[PDB]
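# Observations on the three-dimensional arrangement
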Amino acid sequence: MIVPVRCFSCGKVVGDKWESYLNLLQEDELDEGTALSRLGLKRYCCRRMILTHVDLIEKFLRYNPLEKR
Amino acid sequence: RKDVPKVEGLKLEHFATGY
Amino acid sequence: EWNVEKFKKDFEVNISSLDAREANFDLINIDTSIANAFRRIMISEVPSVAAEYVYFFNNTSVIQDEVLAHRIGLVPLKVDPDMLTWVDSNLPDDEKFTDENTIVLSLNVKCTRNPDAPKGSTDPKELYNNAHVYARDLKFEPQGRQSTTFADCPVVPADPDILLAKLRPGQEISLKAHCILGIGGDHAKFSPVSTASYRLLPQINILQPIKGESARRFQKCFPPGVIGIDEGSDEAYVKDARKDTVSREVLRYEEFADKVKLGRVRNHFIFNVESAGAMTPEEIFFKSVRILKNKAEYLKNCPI
Amino acid sequence: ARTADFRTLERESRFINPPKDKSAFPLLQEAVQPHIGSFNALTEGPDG
Amino acid sequence: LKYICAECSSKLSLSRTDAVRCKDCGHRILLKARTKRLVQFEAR
Amino acid sequence: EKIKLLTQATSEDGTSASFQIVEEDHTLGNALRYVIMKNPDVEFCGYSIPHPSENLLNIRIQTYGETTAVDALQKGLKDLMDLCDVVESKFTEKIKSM
Ligand SMILES: [Zn+2]
Ligand SMILES: [Zn+2]
């Protein structure tokens, strides 16, 4: 749903890199491998954690029971 | 039949630890 | 015979690099029985500080309370583990936590809609106020003597940019997290290394000369700085073994099937250590060595 | 050329703002087209 | 104010022996609001 | 409580004992076994974990004679301590050198 704090396999903190990954994908015209490398993700265990994240939290957040729609 | 499209720009990604 | 002196004569350390997060070094003329002991202690036995007990006061966000507490337990904290003691679990909940072993973090954040947002704005940071909750929002609430002992170094996450949660207007989070000392063999959140491991130094025994164009392709079968062409004679030689990642691409050609043997130096360990952020990798290794020694000494002094 | 793509930016943009004309997955509706069309055929269509 | 209308999402207080409906609009579904209480957890 | 001598397996003269250690695993077991197998007086040495889900380590030491299994265990523990000390000192030397 929301980005995991750490990589499952090794434990490297990858929770602070999802927004940067999106920025490097959108603003810069970087491919996914280049963006992951420039974030500091060398092991494929760490690369998959960001390369394959879905970010369903944004779709969950549109159903807000506390604000008039 | 056309062969499966070979991806381009394939570089080295694996390096020995510490390098 | 084997002796501590005969080990001290031959053991040596070659630090290849050393940062505040990652330290790459070598242990030579040591046994896997001790290198693996060091690696296992680094991963599991060296203590660190992580959030353990979370006291929610309100959570109207989409993320549920147990998930949020798990995420808050995962974020690493820049606390020197020596600055606090160990929690005595047998004591009652009232007196269990004290100013010398517990660090109190709070997170109070309400989302309100931004009344100045432009029309057609899709950025949550422009549409809403506090639409994102980060680890940096985890304020440190010192209590007792730590108000003076931690004045030199306030407790902050090693990664303040960790996206803890997201919010929408009306939603809010109000919680307290108690951070204590623990080891990584109990829960993986207390592990102070992103990953600590080693690998034997590869050996590339060239058996027959590879003079000619064959040297160009043989050198092409390894990482770039592993094989070189000698200036004098057109011969391939092993420049740097440490640069080799053992992928056996040379074995996939029958040309070199009887010209090279790939092996290892069974005593030459290349330790690569990365730190989560609370401690430096060299101090992690030093603590693991000390832990092994102290546990052996405890066994020695234990009556049988 | 890449055989497949994750479509990360497109997916996250669509998650942020649902389309205002039509759903981006026409095939996901032809799957239930039999049931919808069968229930539709009993009130509309030719002959009343 | 301990209830939220399921459609207009306006906070409303429902007294006992009272009609269970939103006062603003005509919605008969109400959601209990979460009030501030201590709820311990393990960060595991 | 930490270290226990299994009386059902010990020898009368003390030259073949078996030790049960709590809260230990391969980390200490393998190091201690390797170090004890450096004593030229020990005949048999090994470690076993009865069940992985229990934190109990078993150490067997059989000596040729002239010592005991307890003495061999003490020697191996002290040798392990000295090995750790020399590793620490050499690491610090190279840190200061750099
Ligand atoms: Zn990883
Ligand atoms: Zn209403």
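Rules used in this analysis
Residues numbered from 1 in each chain as written, not as in the entry; some residues may be left out. Chains lettered and ligands numbered in written order. Part of a larger assembly, values for the part shown. Heavy atoms only, no water. Helix = DSSP H or I, 4+ residues; strand = E, 2+ residues; numbered from the N terminus. Buried < 20%, exposed > 50% of the residue type's maximum accessible area, 1.4 Å probe, protein only. Contact = heavy atoms within 4.5 Å. Areas by Shrake-Rupley, 256 points an atom, 1.4 Å probe, with all protein chains shown as cover. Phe/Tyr/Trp six-rings, centres within 6.5 Å; stacked < 30°, edge-to-face > 60°. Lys NZ or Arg CZ within 6 Å of the ring centre and 35° of its normal. Donors = N, O, S within 2.8 Å, 3.2 Å for Na, K, Ca; no water. Tetrahedral: all angles 85-135°; square planar, octahedral: opposite > 155°, others 65-115°. 1 Å grid on protein atoms, 1.4 Å probe; cavity = no way out; pocket = protein on both sides within 12 Å on 5 of 7 lines; lining within 4 Å. Points joined across faces, edges and corners; volume = space filled by probe spheres on them. Nonpolar A, V, L, I, M, F, W, Y, C, P; charged D, E, K, R; others polar. Buried area = accessible area lost by both parts, 1.4 Å probe. Salt bridge = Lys/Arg side-chain N within 4 Å of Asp/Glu carboxyl O. Polar contact = N/O pair within 3.5 Å; in protein donor to acceptor, adjacent residues only side chain to side chain. Patch = residues over 30% accessible without salt bridge, like charges linked within 9 Å, V, L, I, M, F, W, Y side chains within 5 Å.

The record names cryo-EM as the way this model was obtained, at a resolution of 2.7 Å.

Okay, the overall build of chain F next. Helix and strand counts for chain F stand at 2 helices and 4 strands. Starting at the N terminus and ending at the C terminus, chain F contains elements arranged as β-β-α-β-β-α. The principal-axis extent of the C-alpha atoms belonging to chain F is close to 55 × 35 × 20 Å. The buried share among the 98 residues of chain F stands at 49%. Considering only intrachain contacts with a sequence separation of at least 6, the fraction spanning at least 24 residues in chain F is 53%. Accessible area of chain F: about 5,000 Å², with a carbon and sulfur share of 48%.

Quick look at the packing of aromatic side chains now. Counted according to the given criterion, the structure contains 16 aromatic pairs over all chains. Judged by centre distance (5.9 Å) and plane angle (45°), the ring pair of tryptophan 18 of chain A and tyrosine 21 of chain A falls under tilted. Remark: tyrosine 21 of chain A and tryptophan 18 of chain A occur in helix 1 (residues 18–26); sequence separation between them is 3 residues, near one turn of the helix. The rings of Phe25, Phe38, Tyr198, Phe269, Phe271 and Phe285 of chain C together with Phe91 of chain F are connected pair by pair, giving a single aromatic cluster. The ring of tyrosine 19 of chain B has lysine 243 of chain C lying over it, and the distance from NZ or CZ to the ring centre is 4.7 Å.

Turning next to the coordination of the zinc ion (ligand 2). Residue and element names in this part refer to chain E. Bound to the zinc ion (ligand 2) on the protein side are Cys5 (SG), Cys8 (SG), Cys22 (SG) and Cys25 (SG), at distances that span 2.3 Å. Coordination at the zinc ion (ligand 2) is tetrahedral: its 4 donor atoms span angles of 107 to 113° at the metal. Taken in sequence order, the residues that donate to the zinc ion (ligand 2) follow the motif C-x2-C-x13-C-x2-C. Remark: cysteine 25 occurs in the loop between strand 2 (11–12) and strand 3 (30–32) and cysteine 8 occurs in the loop between strand 1 (3–5) and strand 2; sequence separation between them is 17 residues.

Its boundaries defined by the atoms lining it, the largest pocket holds a volume of some 1,000 Å³. Taken together, 37 residues form the lining of the largest pocket, with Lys42, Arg43, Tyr44 and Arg47 of chain A together with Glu13 of chain B sitting closest to its centre. Of all the secondary-structure elements, those providing two or more residues to the lining of the largest pocket are helix 2 (32–39) and helix 3 (44–51) of chain A together with strand 11 (193–197) and strand 15 (260–275) of chain C. Across the lining of the largest pocket, the residue classes tally to 13 nonpolar, 10 polar and 14 charged.

What follows concerns the interface of chain F and chain C. When the parts come together, some accessible area is lost, and that loss is often what is quoted as the size of the interface. Facing 35 residues of chain F, the contacting portion of chain C comprises 35 residues. At the boundary of chain F with chain C, total buried surface from both sides reaches about 3,500 Å², with 76% on carbon and sulfur atoms. At the junction of chain F and chain C, the tally comes to 2 salt bridges. Of the charged contacts in the structure, one is a salt bridge between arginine 290 of chain C and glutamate 88 of chain F, with a shortest N-O distance of 3.7 Å. On the surface where chain F and chain C come into contact, there are 8 residue pairs in polar contact. Counting only elements with at least two residues in the side of chain F that touches chain C, the list comes to strand 1 (3–5), strand 2 (16–22), helix 1 (26–36) and helix 2 (69–97) of chain F. Of the residues forming the side of chain F that touches chain C, the biggest block, 18 residues, is contributed by helix 2 of chain F. Its residues assigned to classes, the side of chain F that touches chain C comprises 19 nonpolar, 4 polar and 12 charged.

What follows is about a nonpolar patch on the surface. On the surface, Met1, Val54, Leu56 and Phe60 of chain A cluster together to form a nonpolar patch covering roughly 300 Å² of accessible area. As for its placement among the helices and strands, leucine 56 of chain A is situated in the loop between helix 3 and helix 4 (57–61).

Across the 9 pairs of chains that are in contact, the largest number of contacts falls between chains C and F. In this assembly chain B lies apart from chain F, the nearest approach of their C-alpha atoms being 16 Å. Nothing in chain E touches chain F; the tightest C-alpha to C-alpha distance between them is still 20 Å.

Enumeration according to the criterion identifies 26 salt bridges over all chains in this entry. As a salt-bridge pair, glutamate 67 of chain A and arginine 113 of chain C come within 2.7 Å of each other at their nearest N and O atoms. One end of the pair, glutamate 67 of chain A, is in the segment after helix 4; the other, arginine 113 of chain C, is in strand 5 (residues 112–113), on a second chain. Given a relative accessible area of 23%, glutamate 67 of chain A falls into the partly exposed group. Connected through salt bridges with shared partners, the residues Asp55 and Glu58 of chain A together with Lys166 and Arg168 of chain C form a single ionic network.

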